[PDB]
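Below you will find one chain, with nothing else, as structure tokens; this is the form deposited in one PDB entry, and questions on how it binds or moves follow later.
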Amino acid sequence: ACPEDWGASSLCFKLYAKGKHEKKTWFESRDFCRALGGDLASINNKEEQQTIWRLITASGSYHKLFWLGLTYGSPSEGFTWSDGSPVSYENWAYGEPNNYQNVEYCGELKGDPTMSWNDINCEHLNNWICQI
């Protein structure tokens, strides 16, 4: 059972699309989700991707960018999820991750129907999604 305000399919997810001045870095977003007892959202299969897409449609958060729990590990690991669990299912956008200019070590979701991922600099301010 998920809490009533969390979207379910299982993992539970919640969108945080806040004011223009209330976005957070990847690390700030991770700390926020962990303070709730959860973490930044991981997308581990097509069912979880659909759960989050339907959360986006229900909110009207179209076109927005969201932090996911994607973080680059060691060179041999590549991207992992924020709790260290491995990236198995992937939905990177075309050409991604491209580590553009060698400074992109966190992952963001483009919240449109493609639900694609991009690596981006971790100090960008974005919306975020938590899991619990």
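Shifts are known only where both forms have a C-alpha. Residue numbers run from 1 along the displayed sequence. Only the largest set of C-alpha atoms that superpose within 1.5 Å between the two forms is called the rigid core.
We do not show the form deposited in another entry, though everything after this point is about it.
Annotation: the position in 55, 87, 33, 65 displaced by at least 2 Å at CA between the shown form and the other one, with the core superposed, corresponds to 87. Annotation for residue 45: C-alpha shift under 2 angstroms between the shown form and the other one, rigid core superposed. Compared with the form shown here, the C-alpha atoms of residue 101 and residue 29 sit at least 3 Å closer together in that other deposited form.
Note: residue 89-residue 123 Cα separation is 3 Å or more longer in that other deposited form than here. Displacement of the C-alpha atoms by 2 Å or more across three or more consecutive residues between the shown form and the other one, following core superposition, is confined to the single run 78-104.
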